[PDB]
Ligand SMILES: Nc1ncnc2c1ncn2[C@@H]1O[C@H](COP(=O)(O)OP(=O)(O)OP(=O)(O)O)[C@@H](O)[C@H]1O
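What follows is a single chain, given as structure tokens, in the form deposited without ligand ATP.
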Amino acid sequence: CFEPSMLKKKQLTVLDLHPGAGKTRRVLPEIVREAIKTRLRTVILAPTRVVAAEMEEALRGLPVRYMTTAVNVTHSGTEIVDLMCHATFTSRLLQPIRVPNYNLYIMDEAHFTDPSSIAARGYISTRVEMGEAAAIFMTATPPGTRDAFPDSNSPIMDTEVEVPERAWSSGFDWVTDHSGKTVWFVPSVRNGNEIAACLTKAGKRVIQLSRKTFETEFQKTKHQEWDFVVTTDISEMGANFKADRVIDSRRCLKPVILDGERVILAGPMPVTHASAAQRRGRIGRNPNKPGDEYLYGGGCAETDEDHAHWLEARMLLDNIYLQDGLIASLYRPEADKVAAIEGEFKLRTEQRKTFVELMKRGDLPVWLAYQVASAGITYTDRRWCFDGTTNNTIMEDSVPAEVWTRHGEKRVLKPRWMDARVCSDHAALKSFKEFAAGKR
């Protein structure tokens, strides 16, 4: 557990805090209180806006500068502790701006495999190793460890079963015979949709959660009766429930670079040990409620090295300036997840500026931004959005998607490099259309 001696420079501490152990409400304030009392310049790194808002509740009264609109409180201007999201921190590292010499980094949910989160751990662990700072990584599943069944406040009954992944008419009575409340983790919104429809037809009250619907629907899980919550992995962080059962597909959808040539979003993919632990962690939370159950449908990924986020993290980190043109390494227990030599993706000054702007203003995925920038294309030159090979044609309602261009032409979307993330749902496609049209 935490002790003030961990706040010394050159010290990286990983706090293994199992789900429900009090990471945010108990441990985080203890650390922050000690940093403030010693006026240690500190950044708290929240994985998401949702979690940042939860942190403010835990830290309320303590002087923290919240560098996210997810929180609105009155800053005094003398606070020595900053709070921001993982991605915000990494974005600011890429900008030609002053990022403080934080002497302490506190990273919540340090298993998070968002590319910005991975890159942040590399930067941070590198600064600690160089003796410039201390860091505390907090998570139920520290990088390098593979326990899908961590500790819990109450013992959990773990059972591997055949979990249905499509609507069913028979053969899975145990699903609907349950008289309690179930949280069901699915790999995609569309998959969730089908399962939810099946459950609703069977007379169940279902609430569905995903990034798109979370803000409104999660509140309903607190205020309405429900039999099932059918949720994507949005609920692996920042979400808790009063339930006695988790059903876990043990599957996910994550971007993968195919043949080094394009990015796909491919199913089926097994979840990681860390994600399985987060999912299971939704129950067994109350010592007064024994008997919670975790029903899971298969194994975890032996490795997630095929996930695009590892290479993308190195693309980010290769372009973050440290000192003297030094380049930070990935956090050691994670470093072998990418085989590229250190520096492989470092861009020269002008191409690097383009890469950064393509992500920050363009909202493009790291991999795609890198392709465009390394090709020597300028940020505002959108011709590449239309001159790919035919198999890169983007479809909308199974007919080719079209854009009115900056030059008043209606053209078919056909990007020179194909990244499935620019068109994987309506919002992504709308965003990419506006980019192709030169409108941001």
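Residue positions are given as counts along the sequence shown, with the first one as 1. Rigid core (definition): largest C-alpha set, two forms, superposition within 1.5 Å.
One more form of this protein, solved in complex with ligand ATP, exists but is not displayed; see below.
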TODO: With heavy atoms only and a cut-off of 4.5 Å, decide whether residue 418 touches ligand ATP in the bound PDB entry.
DONE: no
TODO: Give a yes or no for residue 278: in the bound PDB entry, does one of its heavy atoms lie within 4.5 Å of a heavy atom belonging to ligand ATP?
DONE: yes
Open item on the list: Using a 4.5 angstroms cut-off on non-hydrogen atoms, would residue 84 count as touching ligand ATP in the bound PDB entry?
Closed with: no
- [ ] Indicate whether residue 10 is a 4.5 Å heavy atom neighbour of ligand ATP in the bound PDB entry.
- [x] no
Task: Answer range among 61-69, 378-386, 23-31, 393-401 for contact with ligand ATP, defined in the bound PDB entry as heavy atoms within 4.5 Å - done: 23-31
TODO: Would you check whether ligand ATP, in the bound PDB entry, lies within 4.5 angstroms of a non-hydrogen atom from each of 109, 153 and 282?
DONE: yes
Task: Listed residue (140, 358, 327, 175) with a non-hydrogen atom within 4.5 angstroms of ligand ATP in the bound PDB entry - done: 140
Task: in the bound PDB entry, the residue from 200, 91, 193, 240 that sits within 4.5 Å of ligand ATP by heavy atoms - done: 240
Task: Comparing forms between this form and the one not shown after core superposition, the one residue of 364, 311, 320, 206 displaced by 2 Å or more at CA - done: 206
Open item on the list: I want to check residue 163: does it shift between this form and the one not shown by 2 Å or more at the Cα, with the core superposed?
Closed with: yes
Open item on the list: If I superpose the two forms on their rigid core, does the C-alpha of residue 271 end up displaced by 2 Å or more between this form and the one not shown?
Closed with: no
Open item on the list: After core superposition, I'd like to know whether residue 114 moves between this form and the one not shown (criterion: C-alpha shift of 2 angstroms or more).
Closed with: no
